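One structure is given below, encoded as structure tokens.
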Amino acid sequence: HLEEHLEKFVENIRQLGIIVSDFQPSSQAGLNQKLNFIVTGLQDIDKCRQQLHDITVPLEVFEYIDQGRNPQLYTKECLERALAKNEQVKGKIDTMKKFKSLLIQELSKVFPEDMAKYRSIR
Amino acid sequence: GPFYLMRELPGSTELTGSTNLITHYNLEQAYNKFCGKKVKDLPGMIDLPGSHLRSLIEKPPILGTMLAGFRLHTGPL
Amino acid sequence: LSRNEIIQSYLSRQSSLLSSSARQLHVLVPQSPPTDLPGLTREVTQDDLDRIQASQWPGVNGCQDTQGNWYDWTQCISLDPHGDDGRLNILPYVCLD
Amino acid sequence: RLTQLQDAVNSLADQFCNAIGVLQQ
Amino acid sequence: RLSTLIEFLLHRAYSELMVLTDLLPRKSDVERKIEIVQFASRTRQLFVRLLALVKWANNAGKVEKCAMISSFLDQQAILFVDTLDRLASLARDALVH
């Protein structure tokens, strides 16, 4: 909340400094100076506000963010891959169950004793 | 128990491959939003919000105000 | 250990089937409650010794089979338990050269 | 005969192991 | 937490860039200190964009770890099936012995 607002203010100050550097010395150099000082003070205040919390950095999430993609792009692809994997193992298990049922029917046709005990097992 | 043989039936369980994480954790909405976004990026939003270094930022993430104001001189050219 | 190639899998079926292999199946042998020494304490009944040497004893001297053909221990029995062309061939129990 | 019986028992397992392996694969 | 540490590191990098811009404007030329300040400002803007992306990643959808755990469980089940097959293999190795 407040940290996002501070980051947005820092981005706006960066844009203003870039515009002042690009335009002309006419733009008050003291104005950009005070802007940079306020930006440093706000960065220190944001560090103080965010100095004891969370702790869960360990992921390629940074590579996906720096890989010209958001969490819905690379994260979406990862979630789709996980969904494909989970759907595939379910198909595996279902086909295994079907083959087992087929062989159970065949072994019941083979021996009544086996049918009688497949029934005790069930 | 004269028959012998005859071992234990497993007993039904809820953890199966059946339920996709879409249904298992009720993320069925996250997958739908992902498909919608794929049918429709962060770099695009950044280039739209601004005019248009990444390695230095990643490395940084992995790791007298009056005098500063006056020191302005000898620049802006 | 991946295997699973259609060719690799097909080799497995032929090799396994070869080692293993209308009933034409051996006559069901009813269990005998008294055995020649412990069960019937019959000890040696000369009759038992005479029967083993020349008479047909269903399990002491041979395997009866169905269709009536009698196969002695030395002989090899060819039988067809499944309803298919392939026939289980049972090799001789004694195999005395 | 008895060696054939032992090999047949071992193969009965061979087709179980192989069946389950194929399934997981 | 981690975002707070990232913001503190970004502030330290901004202070270092300000010191470098001071040194450049001091020993740097008029058309050099301005360029160095513009480069430091671009770096600070990139760091702020990276912080915004980190916030968007900490937010948005919070199920990534859930999907990763589900995939890990599926992989563990597959590994258990493979271990069962290898156990059958060692059992049959003992069967020939």
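By convention here, the chains of the structure tokens are called A, B, ... in the order presented, each chain's residues are numbered starting at 1, and ligands are numbered starting at 1 in the order presented.
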Quick one: contact table of chain B to region 20-28 of chain E, 12 Å max, nearest atom pair and distance in Å to one decimal per residue, counting only C-alpha atoms, chain and number order, as JSON lines?
```
{"residue": "B:67", "atom": "CA", "partner": "E:22", "partner_atom": "CA", "distance": 10.2}
{"residue": "B:68", "atom": "CA", "partner": "E:22", "partner_atom": "CA", "distance": 7.7}
{"residue": "B:69", "atom": "CA", "partner": "E:22", "partner_atom": "CA", "distance": 10.2}
{"residue": "B:70", "atom": "CA", "partner": "E:22", "partner_atom": "CA", "distance": 10.5}
{"residue": "B:71", "atom": "CA", "partner": "E:22", "partner_atom": "CA", "distance": 7.0}
{"residue": "B:72", "atom": "CA", "partner": "E:25", "partner_atom": "CA", "distance": 7.8}
{"residue": "B:73", "atom": "CA", "partner": "E:25", "partner_atom": "CA", "distance": 7.5}
{"residue": "B:74", "atom": "CA", "partner": "E:25", "partner_atom": "CA", "distance": 5.7}
{"residue": "B:75", "atom": "CA", "partner": "E:25", "partner_atom": "CA", "distance": 5.8}
{"residue": "B:76", "atom": "CA", "partner": "E:25", "partner_atom": "CA", "distance": 9.4}
{"residue": "B:77", "atom": "CA", "partner": "E:25", "partner_atom": "CA", "distance": 10.8}
```
Sorted per-residue table, chain E near chain A, closest atoms and distance, 6 Å, only C-alpha atoms, as JSON lines:
```
{"residue": "E:1", "atom": "CA", "partner": "A:53", "partner_atom": "CA", "distance": 2.9}
{"residue": "E:2", "atom": "CA", "partner": "A:55", "partner_atom": "CA", "distance": 4.5}
{"residue": "E:4", "atom": "CA", "partner": "A:50", "partner_atom": "CA", "distance": 3.4}
{"residue": "E:5", "atom": "CA", "partner": "A:51", "partner_atom": "CA", "distance": 5.7}
{"residue": "E:7", "atom": "CA", "partner": "A:47", "partner_atom": "CA", "distance": 5.5}
{"residue": "E:8", "atom": "CA", "partner": "A:47", "partner_atom": "CA", "distance": 4.3}
{"residue": "E:11", "atom": "CA", "partner": "A:43", "partner_atom": "CA", "distance": 5.1}
{"residue": "E:41", "atom": "CA", "partner": "A:14", "partner_atom": "CA", "distance": 6.0}
{"residue": "E:45", "atom": "CA", "partner": "A:14", "partner_atom": "CA", "distance": 5.7}
{"residue": "E:48", "atom": "CA", "partner": "A:7", "partner_atom": "CA", "distance": 6.0}
{"residue": "E:57", "atom": "CA", "partner": "A:71", "partner_atom": "CA", "distance": 6.0}
{"residue": "E:71", "atom": "CA", "partner": "A:82", "partner_atom": "CA", "distance": 5.8}
```
Pull N, CA and C atoms from the residues just selected and write them as a PDB file, in the first residue's frame.
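Once everything was written out, this is selection.pdb:
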```pdb
ATOM      1  N   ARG E   1       9.573  -7.144   4.850  1.00  0.00           N
ATOM      2  CA  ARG E   1      10.217  -8.443   4.701  1.00  0.00           C
ATOM      3  C   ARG E   1      11.257  -8.408   3.585  1.00  0.00           C
ATOM      4  N   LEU E   2      11.097  -9.300   2.602  1.00  0.00           N
ATOM      5  CA  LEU E   2      12.037  -9.335   1.483  1.00  0.00           C
ATOM      6  C   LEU E   2      11.889  -8.101   0.598  1.00  0.00           C
ATOM      7  N   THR E   4      11.000  -5.210   1.670  1.00  0.00           N
ATOM      8  CA  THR E   4      11.627  -4.130   2.426  1.00  0.00           C
ATOM      9  C   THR E   4      13.141  -4.135   2.239  1.00  0.00           C
ATOM     10  N   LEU E   5      13.754  -5.317   2.263  1.00  0.00           N
ATOM     11  CA  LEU E   5      15.189  -5.408   2.023  1.00  0.00           C
ATOM     12  C   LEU E   5      15.543  -4.983   0.603  1.00  0.00           C
ATOM     13  N   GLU E   7      13.859  -2.790  -1.198  1.00  0.00           N
ATOM     14  CA  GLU E   7      13.733  -1.335  -1.233  1.00  0.00           C
ATOM     15  C   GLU E   7      14.918  -0.659  -0.560  1.00  0.00           C
ATOM     16  N   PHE E   8      15.413  -1.237   0.542  1.00  0.00           N
ATOM     17  CA  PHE E   8      16.586  -0.682   1.204  1.00  0.00           C
ATOM     18  C   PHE E   8      17.823  -0.785   0.314  1.00  0.00           C
ATOM     19  N   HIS E  11      17.545   1.868  -2.288  1.00  0.00           N
ATOM     20  CA  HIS E  11      17.882   3.178  -1.739  1.00  0.00           C
ATOM     21  C   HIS E  11      19.391   3.332  -1.579  1.00  0.00           C
ATOM     22  N   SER E  41      19.778   8.367 -13.139  1.00  0.00           N
ATOM     23  CA  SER E  41      18.326   8.488 -13.037  1.00  0.00           C
ATOM     24  C   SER E  41      17.625   7.363 -13.787  1.00  0.00           C
ATOM     25  N   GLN E  45      15.160   4.621 -12.156  1.00  0.00           N
ATOM     26  CA  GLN E  45      13.841   4.325 -12.710  1.00  0.00           C
ATOM     27  C   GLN E  45      13.694   2.834 -13.005  1.00  0.00           C
ATOM     28  N   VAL E  48      13.089   1.150  -9.725  1.00  0.00           N
ATOM     29  CA  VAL E  48      11.715   1.358  -9.278  1.00  0.00           C
ATOM     30  C   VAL E  48      10.739   0.480 -10.059  1.00  0.00           C
ATOM     31  N   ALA E  57       4.394  -9.360  -8.483  1.00  0.00           N
ATOM     32  CA  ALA E  57       4.633 -10.793  -8.339  1.00  0.00           C
ATOM     33  C   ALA E  57       4.242 -11.279  -6.950  1.00  0.00           C
ATOM     34  N   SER E  71       2.522 -30.489  -8.440  1.00  0.00           N
ATOM     35  CA  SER E  71       3.428 -31.121  -9.395  1.00  0.00           C
ATOM     36  C   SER E  71       4.473 -31.973  -8.683  1.00  0.00           C
TER      37      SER E  71
END
```
Worksheet item: Would you list which chain E residues are within 12 Å of chain C using only C-alpha atoms, as a PyMOL selection string?
Response: chain E and resi 82+85-86+89
Convert the current residue selection to file output with C-alpha atoms, as a PDB file, in the first residue's frame.
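Printed below is out_19.pdb as written:
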```
ATOM      1  CA  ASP E  82       9.349 -46.523 -10.513  1.00  0.00           C
ATOM      2  CA  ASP E  85       9.158 -51.582 -10.457  1.00  0.00           C
ATOM      3  CA  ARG E  86      12.812 -51.616  -9.370  1.00  0.00           C
ATOM      4  CA  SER E  89      13.366 -56.241 -10.483  1.00  0.00           C
TER       5      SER E  89
END
```
Can I get the residues of chain E within 10 Å of chain D, each with the closest pair of atoms and their distance in Å to one decimal, using only C-alpha atoms, sorted chain first then ascending number, as a Markdown table?
```
| residue | atom | partner | partner_atom | distance |
| --- | --- | --- | --- | --- |
| E:77 | CA | D:24 | CA | 9.5 |
| E:78 | CA | D:24 | CA | 6.7 |
| E:79 | CA | D:24 | CA | 9.1 |
| E:80 | CA | D:24 | CA | 9.5 |
| E:81 | CA | D:24 | CA | 6.1 |
| E:82 | CA | D:24 | CA | 6.9 |
| E:83 | CA | D:21 | CA | 9.8 |
| E:84 | CA | D:17 | CA | 8.5 |
| E:85 | CA | D:21 | CA | 5.7 |
| E:86 | CA | D:17 | CA | 8.5 |
| E:87 | CA | D:17 | CA | 8.8 |
| E:88 | CA | D:17 | CA | 5.6 |
| E:89 | CA | D:17 | CA | 7.1 |
| E:91 | CA | D:13 | CA | 9.3 |
| E:92 | CA | D:10 | CA | 6.9 |
| E:93 | CA | D:10 | CA | 9.6 |
| E:95 | CA | D:10 | CA | 6.7 |
| E:96 | CA | D:10 | CA | 7.6 |
```
Practice prompt. Measuring atom to atom with only C-alpha atoms, identify which of A:77, A:60, A:34, A:118 is nearest to residue 37 (chain B).
Written response: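 Distance minimum relative to residue 37 (chain B) lands on A:77.
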Discussion item. Could you go through region 38-89 of chain C and tell me which residues DSSP, when run on the backbone, assigns to strand (DSSP E or B), listing them as a list in words?
Written reply: residues 62, 63, 71, 72, 77, 78, 79, 88 and 89 of chain C
Discussion item. Restricting the calculation to only C-alpha atoms: of E:10, E:34, E:60, E:94, which residue gets closest to residue 34 (chain B)?
Written reply: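 Once distances to residue 34 (chain B) are computed over only C-alpha atoms, the minimum belongs to E:60.
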At a cut-off of 8 Å, list the chain B residues touching chain A, using only C-alpha atoms, as a PDB file with N, CA, C and O atoms, in the first residue's frame.
```pdb
ATOM      1  N   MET B   6      -5.648 -64.066   0.507  1.00  0.00           N
ATOM      2  CA  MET B   6      -6.662 -63.062   0.949  1.00  0.00           C
ATOM      3  C   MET B   6      -6.125 -61.853   1.734  1.00  0.00           C
ATOM      4  O   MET B   6      -6.425 -61.778   2.942  1.00  0.00           O
ATOM      5  N   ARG B   7      -5.363 -60.945   1.114  1.00  0.00           N
ATOM      6  CA  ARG B   7      -4.767 -59.807   1.872  1.00  0.00           C
ATOM      7  C   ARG B   7      -5.665 -58.559   1.920  1.00  0.00           C
ATOM      8  O   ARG B   7      -6.874 -58.725   1.674  1.00  0.00           O
ATOM      9  N   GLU B   8      -5.129 -57.436   2.389  1.00  0.00           N
ATOM     10  CA  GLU B   8      -5.985 -56.259   2.680  1.00  0.00           C
ATOM     11  C   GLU B   8      -6.390 -55.437   1.462  1.00  0.00           C
ATOM     12  O   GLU B   8      -5.532 -55.212   0.586  1.00  0.00           O
ATOM     13  N   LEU B   9      -7.658 -55.016   1.420  1.00  0.00           N
ATOM     14  CA  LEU B   9      -8.116 -54.075   0.365  1.00  0.00           C
ATOM     15  C   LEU B   9      -7.524 -52.712   0.731  1.00  0.00           C
ATOM     16  O   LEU B   9      -7.486 -52.400   1.936  1.00  0.00           O
ATOM     17  N   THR B  16      -5.733 -38.057  -5.227  1.00  0.00           N
ATOM     18  CA  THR B  16      -5.651 -38.809  -6.497  1.00  0.00           C
ATOM     19  C   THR B  16      -5.100 -37.873  -7.578  1.00  0.00           C
ATOM     20  O   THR B  16      -4.993 -36.654  -7.329  1.00  0.00           O
ATOM     21  N   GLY B  17      -4.791 -38.428  -8.753  1.00  0.00           N
ATOM     22  CA  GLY B  17      -4.328 -37.622  -9.908  1.00  0.00           C
ATOM     23  C   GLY B  17      -5.562 -37.017 -10.588  1.00  0.00           C
ATOM     24  O   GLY B  17      -5.407 -36.016 -11.321  1.00  0.00           O
ATOM     25  N   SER B  18      -6.725 -37.639 -10.355  1.00  0.00           N
ATOM     26  CA  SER B  18      -8.052 -37.215 -10.858  1.00  0.00           C
ATOM     27  C   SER B  18      -8.169 -35.694 -10.796  1.00  0.00           C
ATOM     28  O   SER B  18      -8.283 -35.064 -11.868  1.00  0.00           O
ATOM     29  N   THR B  19      -8.264 -35.179  -9.565  1.00  0.00           N
ATOM     30  CA  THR B  19      -8.481 -33.730  -9.347  1.00  0.00           C
ATOM     31  C   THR B  19      -7.277 -32.942  -9.837  1.00  0.00           C
ATOM     32  O   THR B  19      -6.185 -33.088  -9.249  1.00  0.00           O
ATOM     33  N   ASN B  20      -7.478 -32.142 -10.879  1.00  0.00           N
ATOM     34  CA  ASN B  20      -6.388 -31.249 -11.331  1.00  0.00           C
ATOM     35  C   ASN B  20      -6.280 -30.177 -10.244  1.00  0.00           C
ATOM     36  O   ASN B  20      -7.263 -30.003  -9.512  1.00  0.00           O
ATOM     37  N   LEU B  21      -5.148 -29.482 -10.146  1.00  0.00           N
ATOM     38  CA  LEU B  21      -4.946 -28.457  -9.085  1.00  0.00           C
ATOM     39  C   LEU B  21      -5.992 -27.384  -9.358  1.00  0.00           C
ATOM     40  O   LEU B  21      -6.312 -26.612  -8.434  1.00  0.00           O
ATOM     41  N   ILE B  22      -6.495 -27.364 -10.592  1.00  0.00           N
ATOM     42  CA  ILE B  22      -7.583 -26.421 -10.949  1.00  0.00           C
ATOM     43  C   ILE B  22      -8.718 -26.720  -9.964  1.00  0.00           C
ATOM     44  O   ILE B  22      -9.125 -25.791  -9.254  1.00  0.00           O
ATOM     45  N   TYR B  31      -6.610 -20.557 -13.652  1.00  0.00           N
ATOM     46  CA  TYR B  31      -6.367 -21.140 -14.968  1.00  0.00           C
ATOM     47  C   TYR B  31      -7.225 -20.473 -16.033  1.00  0.00           C
ATOM     48  O   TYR B  31      -6.773 -20.264 -17.165  1.00  0.00           O
ATOM     49  N   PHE B  34      -5.640 -17.206 -16.777  1.00  0.00           N
ATOM     50  CA  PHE B  34      -4.436 -17.442 -17.557  1.00  0.00           C
ATOM     51  C   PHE B  34      -4.769 -17.702 -19.023  1.00  0.00           C
ATOM     52  O   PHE B  34      -4.113 -17.162 -19.920  1.00  0.00           O
ATOM     53  N   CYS B  35      -5.788 -18.522 -19.279  1.00  0.00           N
ATOM     54  CA  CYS B  35      -6.205 -18.777 -20.652  1.00  0.00           C
ATOM     55  C   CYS B  35      -6.723 -17.507 -21.315  1.00  0.00           C
ATOM     56  O   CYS B  35      -6.465 -17.264 -22.502  1.00  0.00           O
ATOM     57  N   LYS B  37      -5.800 -14.403 -20.598  1.00  0.00           N
ATOM     58  CA  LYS B  37      -4.650 -13.548 -20.876  1.00  0.00           C
ATOM     59  C   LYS B  37      -3.849 -14.069 -22.058  1.00  0.00           C
ATOM     60  O   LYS B  37      -3.316 -13.287 -22.850  1.00  0.00           O
ATOM     61  N   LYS B  38      -3.747 -15.394 -22.192  1.00  0.00           N
ATOM     62  CA  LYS B  38      -3.051 -15.969 -23.336  1.00  0.00           C
ATOM     63  C   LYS B  38      -3.806 -15.698 -24.631  1.00  0.00           C
ATOM     64  O   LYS B  38      -3.194 -15.472 -25.683  1.00  0.00           O
ATOM     65  N   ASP B  41       1.788  -7.768 -21.578  1.00  0.00           N
ATOM     66  CA  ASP B  41       2.802  -8.247 -20.642  1.00  0.00           C
ATOM     67  C   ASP B  41       3.264  -7.129 -19.722  1.00  0.00           C
ATOM     68  O   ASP B  41       2.838  -5.979 -19.856  1.00  0.00           O
ATOM     69  N   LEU B  42       4.143  -7.467 -18.773  1.00  0.00           N
ATOM     70  CA  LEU B  42       4.672  -6.461 -17.859  1.00  0.00           C
ATOM     71  C   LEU B  42       5.532  -5.447 -18.595  1.00  0.00           C
ATOM     72  O   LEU B  42       5.476  -4.244 -18.302  1.00  0.00           O
ATOM     73  N   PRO B  43       6.338  -5.908 -19.556  1.00  0.00           N
ATOM     74  CA  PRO B  43       7.155  -4.985 -20.338  1.00  0.00           C
ATOM     75  C   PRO B  43       6.286  -4.042 -21.160  1.00  0.00           C
ATOM     76  O   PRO B  43       6.612  -2.861 -21.311  1.00  0.00           O
ATOM     77  N   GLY B  50       5.662   4.549 -19.316  1.00  0.00           N
ATOM     78  CA  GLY B  50       6.835   5.405 -19.421  1.00  0.00           C
ATOM     79  C   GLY B  50       7.206   5.555 -20.887  1.00  0.00           C
ATOM     80  O   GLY B  50       6.454   5.167 -21.784  1.00  0.00           O
ATOM     81  N   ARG B  54      18.614  -4.303 -16.636  1.00  0.00           N
ATOM     82  CA  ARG B  54      17.874  -5.371 -15.967  1.00  0.00           C
ATOM     83  C   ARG B  54      18.815  -6.272 -15.175  1.00  0.00           C
ATOM     84  O   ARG B  54      18.483  -6.699 -14.060  1.00  0.00           O
ATOM     85  N   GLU B  58      18.709  -6.846 -11.175  1.00  0.00           N
ATOM     86  CA  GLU B  58      18.650  -8.181 -10.581  1.00  0.00           C
ATOM     87  C   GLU B  58      19.792  -8.398  -9.597  1.00  0.00           C
ATOM     88  O   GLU B  58      19.599  -8.995  -8.530  1.00  0.00           O
ATOM     89  N   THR B  65      22.415  17.423   3.001  1.00  0.00           N
ATOM     90  CA  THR B  65      21.489  17.621   1.890  1.00  0.00           C
ATOM     91  C   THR B  65      21.729  18.959   1.209  1.00  0.00           C
ATOM     92  O   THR B  65      21.572  19.080  -0.015  1.00  0.00           O
ATOM     93  N   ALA B  68      24.685  18.578  -1.127  1.00  0.00           N
ATOM     94  CA  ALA B  68      24.252  17.845  -2.317  1.00  0.00           C
ATOM     95  C   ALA B  68      23.435  18.738  -3.239  1.00  0.00           C
ATOM     96  O   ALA B  68      23.545  18.642  -4.468  1.00  0.00           O
ATOM     97  N   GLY B  69      22.613  19.612  -2.667  1.00  0.00           N
ATOM     98  CA  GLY B  69      21.799  20.514  -3.475  1.00  0.00           C
ATOM     99  C   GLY B  69      22.659  21.558  -4.175  1.00  0.00           C
ATOM    100  O   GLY B  69      22.431  21.883  -5.343  1.00  0.00           O
ATOM    101  N   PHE B  70      23.655  22.097  -3.468  1.00  0.00           N
ATOM    102  CA  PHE B  70      24.496  23.140  -4.050  1.00  0.00           C
ATOM    103  C   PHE B  70      25.434  22.572  -5.112  1.00  0.00           C
ATOM    104  O   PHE B  70      25.652  23.198  -6.155  1.00  0.00           O
ATOM    105  N   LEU B  72      25.042  20.992  -7.311  1.00  0.00           N
ATOM    106  CA  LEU B  72      24.351  20.953  -8.619  1.00  0.00           C
ATOM    107  C   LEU B  72      25.262  21.510  -9.719  1.00  0.00           C
ATOM    108  O   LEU B  72      25.405  20.842 -10.758  1.00  0.00           O
ATOM    109  N   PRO B  76      24.303  20.055 -16.222  1.00  0.00           N
ATOM    110  CA  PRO B  76      23.232  20.608 -17.093  1.00  0.00           C
ATOM    111  C   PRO B  76      23.778  21.150 -18.419  1.00  0.00           C
ATOM    112  O   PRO B  76      23.502  22.329 -18.722  1.00  0.00           O
ATOM    113  N   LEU B  77      24.492  20.319 -19.190  1.00  0.00           N
ATOM    114  CA  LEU B  77      24.992  20.744 -20.520  1.00  0.00           C
ATOM    115  C   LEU B  77      25.119  19.523 -21.437  1.00  0.00           C
ATOM    116  O   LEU B  77      24.936  18.403 -20.924  1.00  0.00           O
TER     117      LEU B  77
END
```
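When only C-alpha atoms are used to measure the gap to residue 59 (chain B), the shortest distance among E:76, E:14, E:49, E:9 belongs to E:9.
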Fill in: Near-residue 27 (chain C) list (10 Å; only C-alpha atoms; drop same-chain fewer than 4 positions) as a PyMOL selection string
chain C and resi 58+63-68
Practice prompt. Using CA of residue 62 (chain E) and CA of residue 13 (chain B) as the two end points, give the distance in Å to one decimal.
Written response: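 Computing it gives 26.9 Å between the two atoms.
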Item to complete: List every residue of chain B that DSSP, applied to the backbone of this structure, places in alpha helix (DSSP H), and write the result as an MDAnalysis selection string.
Response: chainID B and resid 21:24 28:39 42:47 54:62 65:70
